[PDB]
Structure formats: structure tokens, C-alpha cells
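In: experimental structure and its sequence below.
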Amino acid sequence: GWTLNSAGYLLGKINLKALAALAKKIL
């Protein structure tokens, strides 16, 4: 990891999952 390959599309397809947790908390 830690490369353009990561930011490629691994900074959303995941954060989107954790977001549901962050949006569930802030909610």
C-alpha cells in the first residue's frame, strides 16, 4: 500500500463503509 495505487480508489470504496459508521454516530 501507500502509493498511487492506494489513492487510486481505496480512499472511498472503504471510507464509504466507515462513513456509514461515522454518519451513524454523528446521526
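Out: Good, I have the coordinates. Numbering: from 1, shown residues only.
In: what about the longest helix in this protein?
Out: In the chain, with assignment by DSSP state H, the single longest helix is helix 15-26.
In: can you list the buried residues in that helix?
Out: Within helix 15-26, no residue is scored as buried using 16 or more other Cβ atoms under 10 Å. Placement of C-beta: from N, CA and C, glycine included.
In: which elements pack onto that helix?
Out: Contact partners of helix 15-26 among helices and strands, from 3 or more Cβ pairs under 8 Å, 6 or more residues apart in numbering; DSSP states H and E: none.
In: tell me how far that helix lies from the chain's centre.
Out: Relative to its parent chain, helix 15-26 has a centroid offset of 9 Å by Cα atoms, centre = their mean, to the nearest Å.
In: tell me how far residue 21 lies from residue 5.
Out: With distances taken as Cβ to Cβ, to the nearest Å, residue 21 is found 25 Å from residue 5.
In: so how far is stretch 17-27 off the chain centroid?
Out: Stretch 17-27 sits 11 Å away from the centroid of its parent chain (Cα atoms, centre = their mean).
In: neighbouring contacts of it?
Out: Residues from elsewhere that reach stretch 17-27 (Cβ atoms under 8 Å, 6 or more residues apart in numbering): none.
In: most centrally placed residue in the chain?
Out: Nearest residue to the geometric centre of the chain (Cα atoms, centre = their mean): residue 15, 1.3 Å.
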